[PDB]
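Engineer: Okay, so here is data-v8.cif, and as you'll see once you scroll down, it has mmCIF, C-alpha atoms and all ligand atoms.
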```cif
data_upload
#
loop_
_atom_site.group_PDB
_atom_site.id
_atom_site.type_symbol
_atom_site.label_atom_id
_atom_site.label_comp_id
_atom_site.auth_asym_id
_atom_site.auth_seq_id
_atom_site.Cartn_x
_atom_site.Cartn_y
_atom_site.Cartn_z
ATOM 1 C CA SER A 183 -35.927 -9.565 18.994
ATOM 2 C CA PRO A 184 -37.957 -8.635 15.796
ATOM 3 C CA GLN A 185 -35.009 -6.365 14.832
ATOM 4 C CA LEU A 186 -32.564 -9.191 15.428
ATOM 5 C CA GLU A 187 -34.630 -11.597 13.337
ATOM 6 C CA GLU A 188 -34.569 -9.058 10.474
ATOM 7 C CA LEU A 189 -30.807 -8.667 10.782
ATOM 8 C CA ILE A 190 -30.399 -12.438 10.405
ATOM 9 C CA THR A 191 -32.346 -12.547 7.212
ATOM 10 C CA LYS A 192 -30.805 -9.368 5.773
ATOM 11 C CA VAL A 193 -27.309 -10.843 6.186
ATOM 12 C CA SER A 194 -28.311 -14.268 4.939
ATOM 13 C CA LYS A 195 -29.877 -12.856 1.815
ATOM 14 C CA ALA A 196 -26.916 -10.546 1.218
ATOM 15 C CA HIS A 197 -24.596 -13.530 1.345
ATOM 16 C CA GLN A 198 -26.638 -15.761 -0.861
ATOM 17 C CA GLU A 199 -27.118 -13.054 -3.474
ATOM 18 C CA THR A 200 -23.411 -12.387 -3.666
ATOM 19 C CA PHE A 201 -22.206 -15.993 -3.312
ATOM 20 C CA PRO A 202 -24.069 -18.863 -5.005
ATOM 21 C CA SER A 203 -24.241 -22.167 -3.110
ATOM 22 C CA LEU A 204 -22.355 -25.229 -4.329
ATOM 23 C CA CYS A 205 -25.785 -26.777 -4.969
ATOM 24 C CA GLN A 206 -26.881 -23.882 -7.256
ATOM 25 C CA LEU A 207 -23.839 -24.086 -9.531
ATOM 26 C CA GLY A 208 -23.396 -25.866 -12.862
ATOM 27 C CA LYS A 209 -19.953 -27.385 -12.307
ATOM 28 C CA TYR A 210 -17.422 -27.585 -15.135
ATOM 29 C CA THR A 211 -13.782 -28.677 -15.364
ATOM 30 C CA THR A 212 -10.515 -27.946 -17.170
ATOM 31 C CA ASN A 213 -7.755 -30.332 -18.184
ATOM 32 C CA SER A 214 -5.010 -27.809 -17.531
ATOM 33 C CA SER A 215 -2.064 -29.077 -15.431
ATOM 34 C CA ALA A 216 -4.320 -31.552 -13.777
ATOM 35 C CA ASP A 217 -2.066 -34.400 -12.713
ATOM 36 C CA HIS A 218 1.249 -33.010 -11.441
ATOM 37 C CA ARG A 219 2.202 -30.006 -9.309
ATOM 38 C CA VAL A 220 4.195 -27.290 -11.101
ATOM 39 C CA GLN A 221 5.380 -23.887 -9.884
ATOM 40 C CA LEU A 222 2.602 -22.054 -11.773
ATOM 41 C CA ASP A 223 0.257 -22.656 -14.681
ATOM 42 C CA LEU A 224 -0.297 -19.173 -16.092
ATOM 43 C CA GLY A 225 -3.578 -20.135 -17.773
ATOM 44 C CA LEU A 226 -4.926 -21.290 -14.393
ATOM 45 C CA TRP A 227 -3.527 -18.183 -12.693
ATOM 46 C CA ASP A 228 -5.226 -15.939 -15.271
ATOM 47 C CA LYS A 229 -8.587 -17.539 -14.752
ATOM 48 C CA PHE A 230 -8.302 -17.823 -10.965
ATOM 49 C CA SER A 231 -7.223 -14.187 -10.618
ATOM 50 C CA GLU A 232 -10.124 -13.003 -12.818
ATOM 51 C CA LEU A 233 -12.538 -14.969 -10.625
ATOM 52 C CA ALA A 234 -10.938 -13.504 -7.456
ATOM 53 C CA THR A 235 -11.404 -9.975 -8.789
ATOM 54 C CA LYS A 236 -15.094 -10.666 -9.431
ATOM 55 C CA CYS A 237 -15.532 -12.095 -5.956
ATOM 56 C CA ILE A 238 -13.852 -9.076 -4.402
ATOM 57 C CA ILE A 239 -16.507 -6.914 -6.036
ATOM 58 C CA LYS A 240 -19.164 -9.291 -4.709
ATOM 59 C CA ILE A 241 -17.709 -8.992 -1.169
ATOM 60 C CA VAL A 242 -17.915 -5.177 -1.442
ATOM 61 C CA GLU A 243 -21.556 -5.547 -2.557
ATOM 62 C CA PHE A 244 -22.205 -7.876 0.396
ATOM 63 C CA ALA A 245 -20.547 -5.398 2.794
ATOM 64 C CA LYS A 246 -22.711 -2.531 1.668
ATOM 65 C CA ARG A 247 -25.893 -4.594 2.381
ATOM 66 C CA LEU A 248 -24.831 -5.166 5.995
ATOM 67 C CA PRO A 249 -26.868 -2.865 8.247
ATOM 68 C CA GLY A 250 -24.867 0.192 9.263
ATOM 69 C CA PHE A 251 -21.837 -0.476 7.058
ATOM 70 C CA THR A 252 -22.484 2.464 4.760
ATOM 71 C CA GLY A 253 -22.931 4.691 7.802
ATOM 72 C CA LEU A 254 -19.254 4.198 8.583
ATOM 73 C CA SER A 255 -16.841 6.733 7.077
ATOM 74 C CA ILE A 256 -15.780 5.836 3.532
ATOM 75 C CA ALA A 257 -12.205 5.561 4.873
ATOM 76 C CA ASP A 258 -13.340 3.019 7.519
ATOM 77 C CA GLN A 259 -15.332 1.061 4.909
ATOM 78 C CA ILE A 260 -12.203 0.771 2.821
ATOM 79 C CA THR A 261 -10.023 -0.057 5.812
ATOM 80 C CA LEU A 262 -12.344 -2.854 6.884
ATOM 81 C CA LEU A 263 -12.586 -4.301 3.375
ATOM 82 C CA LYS A 264 -8.855 -4.255 2.816
ATOM 83 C CA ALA A 265 -8.265 -5.979 6.202
ATOM 84 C CA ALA A 266 -10.878 -8.707 5.713
ATOM 85 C CA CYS A 267 -11.337 -9.386 2.019
ATOM 86 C CA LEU A 268 -8.669 -12.101 1.768
ATOM 87 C CA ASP A 269 -10.143 -13.820 4.846
ATOM 88 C CA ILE A 270 -13.607 -13.802 3.274
ATOM 89 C CA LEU A 271 -12.297 -14.985 -0.104
ATOM 90 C CA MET A 272 -10.604 -17.929 1.593
ATOM 91 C CA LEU A 273 -13.656 -18.769 3.704
ATOM 92 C CA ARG A 274 -15.802 -18.559 0.539
ATOM 93 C CA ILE A 275 -13.725 -20.959 -1.585
ATOM 94 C CA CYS A 276 -13.355 -23.369 1.341
ATOM 95 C CA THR A 277 -17.160 -23.537 1.703
ATOM 96 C CA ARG A 278 -17.205 -24.820 -1.911
ATOM 97 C CA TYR A 279 -15.054 -27.898 -1.114
ATOM 98 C CA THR A 280 -16.316 -31.302 -2.286
ATOM 99 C CA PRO A 281 -14.417 -33.854 -0.217
ATOM 100 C CA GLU A 282 -15.372 -36.904 -2.294
ATOM 101 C CA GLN A 283 -13.679 -35.336 -5.327
ATOM 102 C CA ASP A 284 -11.029 -33.214 -3.481
ATOM 103 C CA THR A 285 -12.156 -30.172 -5.467
ATOM 104 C CA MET A 286 -13.143 -26.560 -4.904
ATOM 105 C CA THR A 287 -15.750 -24.749 -7.023
ATOM 106 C CA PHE A 288 -15.684 -21.040 -8.037
ATOM 107 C CA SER A 289 -18.666 -18.807 -8.562
ATOM 108 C CA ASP A 290 -18.925 -19.502 -12.299
ATOM 109 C CA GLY A 291 -18.895 -23.264 -11.638
ATOM 110 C CA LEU A 292 -15.200 -23.814 -12.402
ATOM 111 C CA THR A 293 -14.223 -26.844 -10.379
ATOM 112 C CA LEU A 294 -10.502 -27.428 -9.760
ATOM 113 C CA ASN A 295 -8.815 -30.410 -8.187
ATOM 114 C CA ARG A 296 -6.171 -29.932 -5.514
ATOM 115 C CA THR A 297 -3.271 -30.092 -7.966
ATOM 116 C CA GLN A 298 -4.977 -27.442 -10.161
ATOM 117 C CA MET A 299 -5.536 -25.200 -7.106
ATOM 118 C CA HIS A 300 -1.819 -25.558 -6.383
ATOM 119 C CA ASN A 301 -1.015 -24.752 -10.019
ATOM 120 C CA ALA A 302 -3.370 -21.744 -10.135
ATOM 121 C CA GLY A 303 -1.272 -19.955 -7.519
ATOM 122 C CA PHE A 304 -1.872 -21.522 -4.090
ATOM 123 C CA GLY A 305 1.489 -23.224 -4.355
ATOM 124 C CA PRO A 306 2.956 -24.275 -1.013
ATOM 125 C CA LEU A 307 -0.214 -23.052 0.767
ATOM 126 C CA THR A 308 -2.510 -25.473 -1.040
ATOM 127 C CA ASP A 309 -2.615 -28.285 1.521
ATOM 128 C CA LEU A 310 -3.153 -25.923 4.455
ATOM 129 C CA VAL A 311 -6.104 -24.322 2.690
ATOM 130 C CA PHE A 312 -7.578 -27.744 1.950
ATOM 131 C CA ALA A 313 -7.024 -28.746 5.582
ATOM 132 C CA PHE A 314 -8.939 -25.646 6.712
ATOM 133 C CA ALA A 315 -11.724 -26.595 4.331
ATOM 134 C CA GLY A 316 -11.695 -30.128 5.697
ATOM 135 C CA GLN A 317 -11.982 -28.918 9.274
ATOM 136 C CA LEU A 318 -14.964 -26.665 8.356
ATOM 137 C CA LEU A 319 -17.002 -29.679 7.250
ATOM 138 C CA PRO A 320 -17.857 -31.043 10.724
ATOM 139 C CA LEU A 321 -19.407 -27.699 11.591
ATOM 140 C CA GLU A 322 -21.996 -28.272 8.824
ATOM 141 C CA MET A 323 -22.583 -24.533 8.570
ATOM 142 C CA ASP A 324 -25.448 -23.290 6.452
ATOM 143 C CA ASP A 325 -25.506 -20.204 4.266
ATOM 144 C CA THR A 326 -26.947 -17.956 6.957
ATOM 145 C CA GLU A 327 -24.134 -18.931 9.365
ATOM 146 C CA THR A 328 -21.471 -18.473 6.687
ATOM 147 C CA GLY A 329 -22.928 -15.075 5.854
ATOM 148 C CA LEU A 330 -23.027 -13.982 9.499
ATOM 149 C CA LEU A 331 -19.498 -15.262 10.148
ATOM 150 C CA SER A 332 -18.261 -13.360 7.109
ATOM 151 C CA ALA A 333 -19.935 -10.208 8.427
ATOM 152 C CA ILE A 334 -18.314 -10.666 11.868
ATOM 153 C CA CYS A 335 -14.924 -11.043 10.203
ATOM 154 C CA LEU A 336 -15.396 -7.843 8.226
ATOM 155 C CA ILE A 337 -16.988 -5.619 10.871
ATOM 156 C CA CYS A 338 -14.278 -5.638 13.490
ATOM 157 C CA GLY A 339 -13.112 -2.732 15.554
ATOM 158 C CA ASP A 340 -9.481 -3.934 16.057
ATOM 159 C CA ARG A 341 -8.349 -3.083 12.555
ATOM 160 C CA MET A 342 -5.429 -0.738 12.323
ATOM 161 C CA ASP A 343 -6.141 2.873 11.182
ATOM 162 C CA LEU A 344 -9.865 2.835 11.802
ATOM 163 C CA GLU A 345 -11.200 6.333 12.481
ATOM 164 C CA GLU A 346 -14.152 5.169 14.562
ATOM 165 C CA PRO A 347 -13.426 1.781 16.037
ATOM 166 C CA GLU A 348 -16.115 2.070 18.728
ATOM 167 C CA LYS A 349 -18.713 2.647 16.068
ATOM 168 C CA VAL A 350 -17.508 -0.537 14.260
ATOM 169 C CA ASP A 351 -17.596 -2.447 17.551
ATOM 170 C CA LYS A 352 -21.230 -1.426 18.065
ATOM 171 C CA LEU A 353 -22.129 -2.656 14.586
ATOM 172 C CA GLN A 354 -20.463 -6.014 15.278
ATOM 173 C CA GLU A 355 -22.385 -6.624 18.496
ATOM 174 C CA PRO A 356 -25.755 -7.520 16.945
ATOM 175 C CA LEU A 357 -24.040 -9.773 14.334
ATOM 176 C CA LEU A 358 -22.534 -11.814 17.183
ATOM 177 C CA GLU A 359 -25.922 -11.946 18.907
ATOM 178 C CA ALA A 360 -27.588 -12.956 15.673
ATOM 179 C CA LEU A 361 -25.185 -15.809 14.934
ATOM 180 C CA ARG A 362 -25.452 -17.245 18.443
ATOM 181 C CA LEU A 363 -29.263 -17.067 18.385
ATOM 182 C CA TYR A 364 -29.486 -18.606 14.948
ATOM 183 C CA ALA A 365 -26.916 -21.343 15.520
ATOM 184 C CA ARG A 366 -28.436 -22.481 18.838
ATOM 185 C CA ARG A 367 -31.950 -22.430 17.458
ATOM 186 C CA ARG A 368 -30.960 -24.493 14.448
ATOM 187 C CA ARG A 369 -29.003 -27.103 16.389
ATOM 188 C CA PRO A 370 -29.844 -26.861 20.060
ATOM 189 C CA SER A 371 -28.178 -30.214 20.881
ATOM 190 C CA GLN A 372 -24.793 -28.860 19.687
ATOM 191 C CA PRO A 373 -24.085 -25.846 21.872
ATOM 192 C CA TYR A 374 -20.380 -25.664 21.010
ATOM 193 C CA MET A 375 -21.162 -24.671 17.465
ATOM 194 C CA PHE A 376 -21.179 -20.934 18.050
ATOM 195 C CA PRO A 377 -17.812 -20.840 19.876
ATOM 196 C CA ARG A 378 -16.312 -23.234 17.294
ATOM 197 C CA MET A 379 -17.453 -20.905 14.501
ATOM 198 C CA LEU A 380 -15.893 -17.909 16.235
ATOM 199 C CA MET A 381 -12.608 -19.746 16.676
ATOM 200 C CA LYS A 382 -12.561 -20.411 12.943
ATOM 201 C CA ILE A 383 -12.066 -16.653 12.488
ATOM 202 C CA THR A 384 -8.740 -16.958 14.208
ATOM 203 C CA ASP A 385 -7.771 -19.947 12.070
ATOM 204 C CA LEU A 386 -8.838 -18.005 9.034
ATOM 205 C CA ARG A 387 -6.668 -15.045 9.988
ATOM 206 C CA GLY A 388 -3.715 -17.450 10.186
ATOM 207 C CA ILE A 389 -4.260 -18.773 6.677
ATOM 208 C CA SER A 390 -4.946 -15.280 5.252
ATOM 209 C CA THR A 391 -1.676 -14.073 6.756
ATOM 210 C CA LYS A 392 0.033 -16.971 4.905
ATOM 211 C CA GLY A 393 -1.942 -16.069 1.796
ATOM 212 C CA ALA A 394 -0.514 -12.581 1.826
ATOM 213 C CA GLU A 395 2.949 -14.112 2.170
ATOM 214 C CA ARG A 396 2.213 -16.352 -0.807
ATOM 215 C CA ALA A 397 1.080 -13.339 -2.801
ATOM 216 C CA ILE A 398 4.552 -11.853 -2.380
ATOM 217 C CA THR A 399 6.257 -14.919 -3.828
ATOM 218 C CA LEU A 400 3.636 -15.395 -6.589
ATOM 219 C CA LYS A 401 4.317 -11.880 -7.743
ATOM 220 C CA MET A 402 7.774 -13.076 -8.776
ATOM 221 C CA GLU A 403 6.345 -16.021 -10.795
ATOM 222 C CA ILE A 404 3.834 -14.125 -12.946
ATOM 223 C CA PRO A 405 4.716 -11.972 -15.977
ATOM 224 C CA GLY A 406 2.907 -8.822 -14.974
ATOM 225 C CA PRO A 407 1.276 -7.220 -11.951
ATOM 226 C CA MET A 408 -1.626 -8.780 -10.161
ATOM 227 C CA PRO A 409 -5.064 -7.397 -11.003
ATOM 228 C CA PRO A 410 -5.673 -3.968 -9.474
ATOM 229 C CA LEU A 411 -8.419 -4.966 -7.004
ATOM 230 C CA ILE A 412 -6.192 -7.775 -5.720
ATOM 231 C CA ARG A 413 -3.384 -5.187 -5.203
ATOM 232 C CA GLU A 414 -5.849 -2.965 -3.288
ATOM 233 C CA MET A 415 -6.647 -5.909 -1.022
ATOM 234 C CA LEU A 416 -3.035 -6.746 -0.382
ATOM 235 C CA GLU A 417 -1.933 -3.201 0.539
HETATM 236 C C1 LIG B 501 -10.313 -4.678 -0.115
HETATM 237 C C2 LIG B 501 -10.302 -4.828 -1.602
HETATM 238 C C3 LIG B 501 -10.980 -3.677 -2.296
HETATM 239 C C4 LIG B 501 -11.193 -2.434 -1.459
HETATM 240 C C5 LIG B 501 -12.223 -1.447 -1.993
HETATM 241 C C6 LIG B 501 -12.348 -1.479 -3.520
HETATM 242 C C7 LIG B 501 -13.810 -1.269 -3.860
HETATM 243 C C8 LIG B 501 -14.111 -1.410 -5.328
HETATM 244 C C9 LIG B 501 -15.497 -1.923 -5.581
HETATM 245 C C10 LIG B 501 -16.389 -0.927 -6.319
HETATM 246 C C11 LIG B 501 -16.681 -1.543 -7.671
HETATM 247 C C12 LIG B 501 -17.395 -0.518 -8.546
HETATM 248 O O1 LIG B 501 -18.745 -0.934 -8.641
HETATM 249 C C13 LIG B 501 -19.215 -0.530 -9.913
HETATM 250 O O2 LIG B 501 -18.504 -1.190 -10.937
HETATM 251 C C14 LIG B 501 -18.577 -2.619 -10.872
HETATM 252 C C15 LIG B 501 -17.674 -3.207 -11.963
HETATM 253 O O3 LIG B 501 -17.968 -2.623 -13.246
HETATM 254 C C16 LIG B 501 -20.066 -3.031 -11.019
HETATM 255 O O4 LIG B 501 -20.144 -4.409 -10.743
HETATM 256 C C17 LIG B 501 -21.170 -5.099 -11.468
HETATM 257 O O5 LIG B 501 -20.584 -6.020 -12.367
HETATM 258 C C18 LIG B 501 -19.900 -7.121 -11.794
HETATM 259 C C19 LIG B 501 -19.341 -7.913 -12.998
HETATM 260 O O6 LIG B 501 -17.917 -7.873 -12.929
HETATM 261 C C20 LIG B 501 -20.905 -7.892 -10.933
HETATM 262 O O7 LIG B 501 -20.468 -9.027 -10.294
HETATM 263 C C21 LIG B 501 -21.395 -6.982 -9.778
HETATM 264 O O8 LIG B 501 -22.321 -7.718 -8.980
HETATM 265 C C22 LIG B 501 -22.093 -5.822 -10.469
HETATM 266 O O9 LIG B 501 -22.615 -4.904 -9.555
HETATM 267 C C23 LIG B 501 -20.956 -2.296 -9.979
HETATM 268 O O10 LIG B 501 -22.328 -2.519 -10.191
HETATM 269 C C24 LIG B 501 -20.717 -0.790 -9.969
HETATM 270 O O11 LIG B 501 -21.295 -0.186 -8.812
HETATM 271 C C1 LIG B 502 -3.861 -12.852 -3.086
HETATM 272 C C2 LIG B 502 -4.103 -14.023 -4.037
HETATM 273 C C3 LIG B 502 -4.485 -13.455 -5.407
HETATM 274 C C4 LIG B 502 -2.806 -14.821 -4.284
HETATM 275 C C5 LIG B 502 -2.467 -15.706 -3.110
HETATM 276 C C6 LIG B 502 -3.517 -16.832 -2.921
HETATM 277 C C7 LIG B 502 -3.405 -17.856 -4.031
HETATM 278 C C8 LIG B 502 -3.267 -17.484 -1.579
HETATM 279 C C9 LIG B 502 -4.932 -16.237 -2.998
HETATM 280 C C10 LIG B 502 -6.020 -17.003 -2.544
HETATM 281 C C11 LIG B 502 -7.335 -16.553 -2.574
HETATM 282 C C12 LIG B 502 -8.424 -17.412 -2.079
HETATM 283 O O1 LIG B 502 -8.176 -18.297 -1.226
HETATM 284 C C13 LIG B 502 -9.805 -17.396 -2.620
HETATM 285 C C14 LIG B 502 -10.162 -17.042 -3.837
HETATM 286 C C15 LIG B 502 -11.453 -17.008 -4.449
HETATM 287 C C16 LIG B 502 -11.625 -16.644 -5.783
HETATM 288 C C17 LIG B 502 -12.879 -16.749 -6.318
HETATM 289 C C18 LIG B 502 -14.000 -17.238 -5.713
HETATM 290 C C19 LIG B 502 -15.354 -17.394 -6.188
HETATM 291 O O2 LIG B 502 -15.350 -17.447 -7.516
HETATM 292 O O3 LIG B 502 -16.370 -17.477 -5.558
HETATM 293 C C20 LIG B 502 -13.884 -17.378 -4.255
HETATM 294 C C21 LIG B 502 -12.580 -17.373 -3.741
HETATM 295 C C22 LIG B 502 -7.556 -15.278 -3.083
HETATM 296 C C23 LIG B 502 -6.514 -14.520 -3.530
HETATM 297 C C24 LIG B 502 -5.194 -14.948 -3.511
#
```
Could you take the file, read its structure, and then write that structure out as structure tokens?
Ligand SMILES: CCCCCCCCCCCCO[C@H]1O[C@H](CO)[C@@H](O[C@H]2O[C@H](CO)[C@@H](O)[C@H](O)[C@H]2O)[C@H](O)[C@H]1O
Ligand SMILES: CC1(C)CCC(C)(C)c2cc(C(=O)/C=C/c3ccc(C(=O)O)cc3)ccc21
Structural biologist:
Amino acid sequence: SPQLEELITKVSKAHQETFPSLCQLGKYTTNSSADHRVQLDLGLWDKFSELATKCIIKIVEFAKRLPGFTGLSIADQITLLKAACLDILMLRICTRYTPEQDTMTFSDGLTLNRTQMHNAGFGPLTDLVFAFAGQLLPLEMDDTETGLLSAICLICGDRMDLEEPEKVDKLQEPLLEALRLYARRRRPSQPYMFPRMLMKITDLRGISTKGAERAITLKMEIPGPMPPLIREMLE
């Protein structure tokens, strides 16, 4: 129980220090391709892809602050990150959804409307991502819960080509315990919150699978290769 309490705050702090809250950010806008959907606005793609690269690095930084992660083999660390990074990217942007404005906000404050998200590369996946974001709102998750959920998504023993899946399973166990404890303590009158959060991982996997599919078609729309850390994620 003291050890579990420390795990909660280690993960929470790792999340917050690699992922500013919507409240913390100085929002700004762009007038690029703001009012009609097009196949791709390359200026929006360039900026979005640069921001995704930076957030990938931040997810690696987050991962390495999770207790036990750096005790996994370097191969397993890489395997886990490649399997989960798109999921965590999508969860991250969807936690920065402002429903009143139908916008999402990136880590530098860039705030895009739905049409600009489409035009930045989401394309035919845009409305499904926004729907996921919409359906996260009734959970009213806080940063600690988002951080713990992200950690549970990453540290999972089912990933293909893991060398030591039992070791990964044992690292996941206390994260599950921590999220249940935290979530029930915070909102004891809503006991379905923990299982609803866990089921969002499945939903997330669905949309990340579609995101990988979208990456294949986007690759045909852009004039060069995707940034190298994005290619690492997608392989
Ligand atoms: C699954 C997708 C990827 C799979 C594994 C790929 C892992 C690659 C991540 C290692 C990145 C190398 O990390 C090394 O260079 C980074 C970029 O100059 C530095 O990154 C630094 O600058 C960034 C600015 O872009 C900041 O947001 C980081 O917080 C900061 O640490 C790191 O401080 C340094 O340790
Ligand atoms: C694979 C690739 C590049 C192309 C296919 C699509 C458009 C579906 C896609 C979507 C995402 C994503 O949802 C989330 C991106 C993201 C970028 C930056 C921030 C942040 O600044 O905090 C947080 C989140 C990330 C990557 C990609």
Engineer: For this file, the PyMOL selection byres (((chain A and resi 329-340) around 8) and not hetatm) selects which residues, as a PyMOL selection string?
Structural biologist: chain A and resi 190+193-194+196-198+245+248+262-263+265-267+269-270+273+325-328+341-342+344+347-351+353-354+357-358+360-361+379-380+383
Engineer: What residues of the protein or nucleic acid chains come within 6 Å of ligand LIG 501 (chain B) when you use only C-alpha atoms and all ligand atoms? Reply as number ranges by chain.
Structural biologist: A: 236, 239-240, 242, 260, 263-264, 267, 411, 414-415
Engineer: Skipping near chain neighbours, those fewer than 4 positions away, what residues fall within 9 Å of range 398-401 of chain A using all atoms listed in the file, listed as a VMD selection string?
Structural biologist: chain A and resid 222 303 to 305 393 to 394 405 to 408
Engineer: Run the PyMOL selection byres (((not hetatm)) within 7 of (chain B and resi 502)) on the file and write out the hits as a list in words.
Structural biologist: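 Checking the PyMOL selection byres (((not hetatm)) within 7 of (chain B and resi 502)) against this file, the residues are residues 201, 230, 231, 233, 234, 237, 268, 271, 272, 274, 275, 288, 289, 290, 303, 304, 307, 393, 394, 396, 397, 400, 412 and 416 of chain A.
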Engineer: Could you tell me which residues the PyMOL selection byres (((chain A and resi 281) around 10) and not hetatm) returns for this structure, as JSON, numbers by chain?
Structural biologist: {"A": [278, 279, 280, 282, 283, 284, 285, 286, 312, 315, 316, 319]}
Engineer: Report the distance between CA of residue 249 in chain A and CA of residue 189 in chain A in Å, rounded to one decimal place.
Structural biologist: 7.5 Å
Engineer: What are the centre and edge lengths in Å, to one decimal, of the axis-aligned box around all listed atoms of range 268-287 of chain A with 6 Å added on each side, as lines of an AutoDock Vina configuration file?
Structural biologist:
```
center_x = -12.9
center_y = -24.5
center_z = -1.1
size_x = 20.5
size_y = 36.8
size_z = 23.9
```
